[PDB]
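I'd like to ask some things about the structure below.
In what follows, residues are counted from 1 in the order of the sequence shown. These numbers come from the heavy atoms of this one structure, side chains and all, not from hydrogens, waters or symmetry mates. Start at 1 and go down the list; that is how both ligands and their atoms are numbered.
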Amino acid sequence: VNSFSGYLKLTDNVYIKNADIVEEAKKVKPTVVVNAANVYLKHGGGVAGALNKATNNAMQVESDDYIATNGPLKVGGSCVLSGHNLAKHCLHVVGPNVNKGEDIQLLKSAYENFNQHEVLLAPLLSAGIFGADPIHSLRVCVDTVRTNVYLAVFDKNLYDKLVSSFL
Ligand SMILES: O[C@@]1(CNc2ncnc3[nH]ccc23)CO[C@H]2C[C@@H]1C2
Ligand SMILES: [Cl-]
């Protein structure tokens, strides 16, 4: 039993809710919140820009030190950093950004990072400003993640389409 509330159960381990991941994180304080990161951990917009703003830019400061030490992530890769005031940990995961021409096949690799964590609050990878089809992202999520994932979908119209089209 965990403290996530109001989610529709898609599968044994995947749950979905129309919610602002920032507000969800501030309520639940999950062990792990997933960020829709880019390889540079430049949290300018989308989910990343919103999560960073909620940390008063502390996420960006920590991220810049991480990059200065380790260099960029790989597309499909991840790193674990602090969750600041939002969660214990933030798993920064880089899905392919279609608006950059990155291979959508890397989306499965991106979701595989979730399997290293028993429970996660997460957005759909590569959705929104990363330019992938969110229906496809949900399908890859369900077919790849085996741990318990609670998906927050900000757009209510998108949330309804994801549920009504789910196979
Ligand atoms: O859910 C999407 C990804 N962006 C987010 N998801 C959850 N909480 C969020 N908080 C801020 C941004 C944000 C996927 O497609 C459309 C609907 C949005 C963009
Ligand atoms: Cl977005």
Side-chain angles (χ1 to χ4, degrees), residues 2-11 14-60 63 73 75-76 78 81-102 104 106-108 110-111 113-114 117 119-145 147-166:
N2 56 48
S3 58
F4 288 103
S5 180
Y7 284 74
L8 178 71
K9 180 173 179 60
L10 288 174
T11 63
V14 180
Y15 296 81
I16 193 167
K17 184 181 182 176
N18 172 229
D20 183 340
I21 192 168
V22 169
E23 292 308 316
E24 270 295 277
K26 283 192 290 188
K27 181 71 173 185
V28 175
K29 311 224 198 306
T31 302
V32 179
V33 66
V34 174
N35 182 32
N38 59 51
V39 297
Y40 306 110
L41 303 179
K42 288 307 184 194
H43 309 303
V47 167
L51 292 171
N52 177 58
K53 176 178 178 185
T55 75
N56 184 43
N57 211 51
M59 177 180 286
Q60 191 64 67
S63 293
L73 296 182
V75 180
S78 71
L81 292 172
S82 179
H84 300 276
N85 53 316
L86 303 176
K88 187 166 191 281
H89 306 284
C90 179
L91 180 70
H92 295 272
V93 180
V94 184
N97 188 327
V98 175
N99 304 315
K100 297 183 181 173
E102 294 170 346
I104 196 58
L106 291 166
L107 186 53
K108 189 173 182 75
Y111 273 118
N113 295 286
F114 289 24
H117 303 276
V119 184
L120 314 88
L121 171 62
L124 284 168
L125 296 180
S126 298
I129 68 178
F130 283 60
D133 173 7
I135 296 176
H136 175 66
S137 182
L138 176 56
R139 188 75 255 165
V140 178
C141 181
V142 160
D143 291 344
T144 305
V145 182
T147 55
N148 291 326
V149 56
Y150 289 83
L151 293 169
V153 177
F154 180 62
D155 191 70
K156 167 61 174 173
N157 285 327
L158 173 61
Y159 171 84
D160 286 353
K161 182 185 185 194
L162 287 166
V163 170
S164 292
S165 55
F166 183 69

Less than 3.5 Å apart, which donor and acceptor atoms pair up between the side chains of residues 87-95 and the rest of the protein, not counting sequence neighbours?
residue, atom, partner, partner atom, Å
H92, ND1, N35, ND2, 3.0

Under a 4.0 Å N-O cut-off, is there an ion pair linking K27 with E24?
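Answer for the salt bridge query: no.
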Tell me, which pairs form a salt bridge (charged side-chain N to carboxylate O under 4.0 Å, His left out) where one or both residues lie in residues 120-131, sequence neighbours left out?
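Every candidate salt bridge (charged side-chain N to carboxylate O under 4.0 Å, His left out) pair involving residues 120-131 fails, so no pair, neighbours aside, qualifies.
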Going by atom type alone, with no hydrogens or angles, which donor-acceptor pairs under 3.5 Å involve a side-chain atom of residues 123-134 and a protein atom two or more places apart or on another chain?
residue, atom, partner, partner atom, Å
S126, OG, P96, O, 2.7
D133, OD1, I135, N, 2.9

Are the side chains of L86 and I21 in touch, meaning some heavy atoms are under 4.5 Å apart?
no
Pairs under 3.5 angstrom, nitrogen or oxygen on both sides, ligand 1 versus protein: list them out, please.
residue, atom, partner, partner atom, Å
ligand 1, 1 (O), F154, N, 3.4
ligand 1, 8 (N), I21, N, 3.2
ligand 1, 10 (N), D20, OD1, 3.3
ligand 1, 15 (O), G128, N, 3.4

What are the two closest non-hydrogen atoms of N113 and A110, and how far apart are they?
ND2-O, 2.9 Å
